[PDB]
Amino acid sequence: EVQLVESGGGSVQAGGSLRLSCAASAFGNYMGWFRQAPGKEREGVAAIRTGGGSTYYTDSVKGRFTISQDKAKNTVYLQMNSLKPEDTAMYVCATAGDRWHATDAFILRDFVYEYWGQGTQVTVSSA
């Protein structure tokens, strides 16, 4: 059961940036970043396929967020630029076991992931 641990969350002003890290006991075929605001469902934000490093993003973060991997350090990263109030959420990373697969159209849906981390809090203030 893969262990995941997120860090790098914080409070920042709109327009600012954060960089989240996700340490994993192992990578599956894909590593994803999800977020969950209060009262909403989890939403997938970005995903990377660990063989080759192809990246997928939800439309609202394209050009702002970047997902990357360092396989040496078993870590995946979310660079979050140009932050907005609507980016406030608990951010959690996920992956899946060896015989788990996702097609391109589902790689940001929560039901293709098996293992979840704890969450790192991101809060984007206006003033």
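Residue indices: 1-based, along the sequence shown.
Look at the C-alpha B-factors of 33-41 and of 74-82. On average they run higher in 33-41. Within the selection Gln118, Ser17, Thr103, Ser21, the deposited Cα B-factor values reach their highest point at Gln118.
Looking at the C-alpha B-factors along this chain, the one for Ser60 belongs to the highest third. Per the PDB record, residue ranking by Cα B-factor puts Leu108 in the middle third of the chain.
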